[PDB]
Every structure is written in structure tokens, then in C-alpha cells.
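Please read the structure below before turning to the comments.
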Amino acid sequence: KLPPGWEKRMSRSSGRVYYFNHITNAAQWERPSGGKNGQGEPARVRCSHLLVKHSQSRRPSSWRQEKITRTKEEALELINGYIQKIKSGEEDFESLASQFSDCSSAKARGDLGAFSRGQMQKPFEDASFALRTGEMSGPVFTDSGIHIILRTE
Numbered sequence: 006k007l008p009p010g011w012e013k014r015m016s017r018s019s020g021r022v023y024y025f026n027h028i029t030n031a032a033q034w035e036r037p038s039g045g046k047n048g049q050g051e052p053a054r055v056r057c058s059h060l061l062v063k064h065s066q067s068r069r070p071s072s073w074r075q076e077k078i079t080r081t082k083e084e085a086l087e088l089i090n091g092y093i094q095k096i097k098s099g100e101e102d103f104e105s106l107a108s109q110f111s112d113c114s115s116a117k118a119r120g121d122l123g124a125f126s127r128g129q130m131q132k133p134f135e136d137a138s139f140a141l142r143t144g145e146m147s148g149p150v151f152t153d154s155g156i157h158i159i160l161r162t163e
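Take the sequence shown: its letters are residues 6 to 39, 45 to 163, numbered as in the UniProt record's numbering.
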């Protein structure tokens, strides 16, 4: 049961029960699904993203700053902060990506356009295709850094 990647979990040293997606790293309180079968995954999707680079990114530099020195742990801290702000409603995905994404797609408010499998780095690809329209991922690690992905189509 539950859509691809989803599983009911419980927080450790805490007792909060929630739903987690092992492919997208998404987490939420709501059950992800309420019969359709043999649906597979979309052959093409459109996604926007917000990238946070770190010292170990293949290109430790971005339009936002010449030299990226933050550690991977610091980047994850930032990513989690952006997710928290989006989930509270204090900020929107587009505004944050336009201002803080280390990817040049920031100029397009994070929009990457449409793509098929075999086009993006595997972790990014797996997460994008496991997202349903309008859903946002949790932290996704690639060689570029850490991403937050939003499927728009």
C-alpha cells in the first residue's frame, strides 16, 4: 500500500508517527494516499529546485558567491531551514530559490524545465520521478550539493 517510496514511520526518542518517502526524503503528517494499478512513473516531468552547495560540490562556486566554504553539514542545516520556512508558509519555494539557490536556474526561479530519465544525476532523477505533481522533496544529495525539488508538471 501507499505510493512508491512511502512508509509509515515513528520518530526516535520521540513518538510522533509520520509518513516518509525513502526516494525523495519527504516527510509529512498526512497519509500520502487515500484503485489504480500498473501506473508506473511519468515518462517526463518538470521540476524546479533550490540548490545549496558546499566545499565538496564538484564546482564549489556559484553566482551567489565565488568561494563556497560551508561544509556538507552546514549545507544540510540550511536546506532544512529552507524546508521549515516553506512548510510554515512564511516563505514560498520560488522566492527562496530565486534568492538563495546556488544553481543558475535561480534566474528562472528554480525552474529546470521538463526532462526524462537519464538526463539528470541519478539521485535527483529518482526523487523527481517519485514526486507527484505539486509535491516537494526532502534533502536530495548529488555531486552538485544538496537539493530541494518541487515537481510542477
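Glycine included, every Cβ here is placed at the ideal spot set by N, Cα and C.
**OP:** Using the Cα positions of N26 and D136, report the straight-line distance between them to the nearest angstrom.
**Re:** On the sequence shown, residue 26 is found 21 positions in, with the first residue counted as 1. On the sequence shown, residue 136 is found 126 positions in, with the first residue counted as 1. Cα to Cα, the separation comes out at about 12 angstroms.
**OP:** Check the C-beta distance from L61 over to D112 and give it rounded, since I have them as a contact under 8 angstroms.
**Re:** To locate residue 61, count along the sequence shown from 1; it is residue 51. To locate residue 112, count along the sequence shown from 1; it is residue 102. Indeed they touch by this definition, with Cβ atoms about 5 angstroms apart.
Original post:
Can you find a C-beta in chain D that's less than 9 angstroms from the C-beta of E76?
Top reply: Protein chain content of the structure displayed is limited to a single chain, and chain D is not contained in it.
Subject >> Bridge partner(s) assigned by DSSP for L160 >> reply: Stepping through the sequence shown from its first residue, residue 160 is reached at position 150. Paired residue(s): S58 and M146.
Original post:
So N47 is in the beta strand (DSSP E); what residue range does that whole segment cover?
Top reply: Position 37 of the sequence shown, counted from the start, is the residue given in the question as residue 47. Annotation for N47: no beta strand (DSSP E) segment contains it, and DSSP assigns it neither H nor E.
Original post:
Since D136 is in the alpha helix (DSSP H), which residue starts that stretch and which ends it?
Top reply: On the sequence shown, position 126 is the one that residue 136 refers to. Run containing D136: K132 to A140, per the alpha helix (DSSP H) assignment.
Subject >> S98 versus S71, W11 and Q33, residue with shortest Cα-Cα distance >> reply: Taking the first residue of the sequence shown as position 1, residue 98 is located at position 88. Considering only alpha carbons, the answer is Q33.
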